[PDB]
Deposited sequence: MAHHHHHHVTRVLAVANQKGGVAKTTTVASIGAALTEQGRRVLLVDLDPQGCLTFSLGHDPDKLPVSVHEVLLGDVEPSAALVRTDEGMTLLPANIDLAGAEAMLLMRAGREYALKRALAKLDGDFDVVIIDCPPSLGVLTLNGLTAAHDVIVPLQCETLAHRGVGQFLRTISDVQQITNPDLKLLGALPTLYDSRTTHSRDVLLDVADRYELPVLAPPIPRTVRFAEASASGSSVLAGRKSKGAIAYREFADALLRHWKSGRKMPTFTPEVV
């Protein structure tokens, strides 16, 4: 059974892409066959895994449009994950998708052609709530929200949760919000903890554990950040294998 995880948050700079790549690497180390999907036209994930987006002959853009088969667009990574990459062409997608029926289901249709080739698909959503993020949420079974806890600024969480609810009502009833993954956690004071407690208090959003400390990127070594990503990846594995609920930062 292929697990599809979307990593989404319309707020920019909260470590979505670092989280996709680092969870992907951790799961690959544990033996899972991993596909990463870059849905950001700026191509941060693609660049971070060693592919110049501007030089890709095709990308996920042609795949979403149905003009190129998904397998033909896949590229390799040094750590063994497979990548469905993106480049700036993808910014034109919604102009072309809006003119077509079922624009929300383009990525879902593409992944259906790859089912059984991968144990886990992780989708890197751009900092927006438009057609590309909707495609990510519509194709996924689970979603996590990387949530920065350097500052108290979280006015966008409400609209993000509304977006999840809308997707569950219209395009993907089975989507499960696993919760928020704390990122950019600062160990110098209790401020980051207090930020996370504030979010857990005010929003119907599980805050998951462990936080990823502040040290796009790919944390795969013996650092505290890599250690935390591997611990979180283990939690995902247990949840998918035994139904174990994801551990929470605060109950």
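**Q** Please list, in sequence order, every stretch of the deposited sequence that lacks C-alpha coordinates.
**A** Coordinates drop out over 1-8, 224-234, 271-273.
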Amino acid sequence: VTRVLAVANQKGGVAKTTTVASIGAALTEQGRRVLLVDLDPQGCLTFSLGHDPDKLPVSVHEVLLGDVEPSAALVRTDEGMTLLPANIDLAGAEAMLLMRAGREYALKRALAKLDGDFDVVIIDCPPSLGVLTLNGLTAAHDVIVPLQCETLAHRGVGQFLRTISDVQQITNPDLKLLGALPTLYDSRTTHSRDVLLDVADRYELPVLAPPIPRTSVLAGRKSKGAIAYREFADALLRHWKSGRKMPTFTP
From here on, numbers count along this sequence of modelled residues.
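**Q** Could you check which stretch, 9-17 or 228-236, carries the larger mean CA temperature factor in the entry?
**A** The recorded data point to 228-236.
**Q** I need to verify one thing: averaged over C-alpha atoms only, is the B-factor higher for 120-128 or for 146-154?
**A** The entry gives the higher C-alpha B-factor average to 146-154.
**Q** For the C-alpha B-factor as written in the entry, point me to the maximum among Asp40, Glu204, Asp54, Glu62.
**A** It is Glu204.
**Q** Among all modelled residues of this chain, ranked by Cα B factor, put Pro70 in the bottom, middle or top third, i.e. lowest, middle or highest.
**A** According to the entry, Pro70 has a C-alpha B-factor in the chain's middle third.
**Q** Mind checking which third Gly80 falls in for C-alpha B-factor across the chain?
**A** Highest third, going by the recorded CA B-factors of the chain.
**Q** So where's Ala112 on the chain's Cα temperature factor ranking, which third?
**A** For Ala112, the deposited C-alpha B-factor lands in the middle third.
**Q** Comparing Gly102 with the other modelled residues of its chain, is its CA B-factor in the lowest, middle or highest third?
**A** Top third by C-alpha B-factor.
**Q** Please rank the C-alpha B-factors of the chain's modelled residues and tell me whether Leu196 sits in the lowest, middle or highest third.
**A** Within its chain, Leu196 is a middle-third residue by C-alpha B-factor, going by the deposited values.
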